[PDB]
Structures are given as C-alpha cells and as structure tokens.
C-alpha cells in the first residue's frame, strides 16, 4: 500500500493478544511500544527525543504483525505516549519513503 501523510500514519499492529495502533515512523531508529507486560528476558535502556529521555525495557526477537506483514525483532517497552514502529521493523515489512 501507499500511505499519504496528511494524517498520522497509524496502522494496526499485533503483539500477542494485543492489537494496538502504532505510527509508521521513519524518524525512529527503534520500535517503542506503550507499557505492556511482555514475557521473557529484557535489558534496561534509555532513549531520547523531544523533551528528553525515557526509560524503556528492551525485549529481543519479539514477533509483531504490522498491517498483516510479519516482523520479528527488538521492541522497547516503556512510557511512550504513542506506539512507534521504527526502522528496525519498517525495513522488514518493505517500507520505503517516496517522493
């Protein structure tokens, strides 16, 4: 598909038995999801943006379905105001910018 940018590029993602709306975000190196109690090992991390840093938990090799496309990789979980699909997963679903 082609997604124009008149509005926020929100799409449906699935992680386990949670469907969420998330931004397809070319400005995000990593994928950042709102607080959720995922199973498995994790490591603490700090990530920064406008307004400063937040603390997140880094979970590796997490399968995520994005608009019906399968992805698997690192997801950061913490008190983000919005679910963010970053480049690590955008590449896996074949996403490009075009103009």
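Superpose the two forms; the largest set of C-alphas matching within 1.5 Å is the rigid core. Residue numbers count along the first chain shown, from 1.
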* To do: Name the stretch that deviates more in 5 other deposited structures of this protein: 14-22, or 85-93? Use RMS CA distance to the shown form, core superposed.
  => 14-22
* To do: Compare the mean C-alpha B-factor of 17-25 with that of 80-88 as given in the PDB entry, and name the stretch with the higher value.
  => 17-25
* Asked: With respect to the recorded C-alpha B factors, which stretch has the higher mean value, 69-77 or 46-54?
  -> 69-77
* Asked: Thinking about Cα B factors across the chain, which third does residue 60 belong to?
  -> highest
* What third of its chain's C-alpha B-factors does residue 38 belong to: lowest, middle or highest? -> highest
